[PDB]
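Engineer: pasting the structure only:
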Ligand SMILES: Cn1cc(-c2ccc(C(=O)Nc3ccccc3N)cc2)c2cc[nH]c2c1=O
């Protein structure tokens, strides 16, 4: 199909370890973006088939979405907060490199990214 297998969300060979920053990323950062009115296009992998975007996964080499990030946090996939922040950054980058500037989806991403950066500015 137009769609790749979704990203893995569990790392079983990794030890399970909480950190203050990972708790913050799940319980403050992800939670705040997840509940936002503009979160909905970002809560699951882009379904290029249903959306008829045949070039999406030609342009986007590293798919990422908030649902994947949420599950990765819930399964303690990330070794540290920077790995999680990188996935958020990738999700926004994908939106900005695929969609035309000023598209509704880009304006949605920009609003979510601003909130993300504001919360990251207070990472413990
Ligand atoms: C990240 N991202 C997401 C999306 C994206 C857009 C729409 C949906 C979606 O579920 N639409 C919908 C609304 C109401 C009823 C049924 C459906 N299917 C999901 C995703 C997208 C589209 C162009 N470009 C991007 C884009 O970059």
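Structural biologist: Nice, I can see it. Numbers count the residues shown, from 1 in each chain.

Engineer: tally of neighbours for whichever residue of the chain sits closest to the ligand?
Structural biologist: Nearest residue of the chain to the ligand (CB to the nearest ligand atom) works out as residue 41 at 3.6 Å. In this view, the C-beta of every residue, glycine as well, is placed from N, C-alpha and C. Counted with other CB atoms under 10 Å, residues neighbouring residue 41 total 16.

Engineer: again with residue 26
Structural biologist: Other residues lying near residue 26 total 19 when counted by other CB under 10 Å.

Engineer: Next, the contact list for the closest residue to it other than its chain neighbours, please.
Structural biologist: Of all residues not flanking residue 26 in the chain, residue 73 sits nearest, at 4.2 Å (CB to CB, 6 or more residues apart in numbering). Residues near residue 73 by CB atoms under 8 Å, 6 or more residues apart in numbering: 22, 25-26, 30, 84.

Engineer: what kind of secondary structure is the residue of the chain closest to the ligand in?
Structural biologist: Here residue 41 is helix, with the state taken from DSSP: H, G, I helix; E, B strand; the rest coil.

Engineer: From residue 14, how far out is it?
Structural biologist: Taking CB to CB, to the nearest Å as the measure, residue 41 and residue 14 are separated by 30 Å.

Engineer: now residue 99
Structural biologist: The gap separating residue 99 from residue 14 is 34 Å, by CB to CB.

Engineer: Please identify which of those two sits among more neighbours.
Structural biologist: In this view residue 99 and residue 14 are compared by other CB under 10 Å, and residue 99 has more residues nearby, 18 against 12.

Engineer: That's all I had, so thanks and see you.
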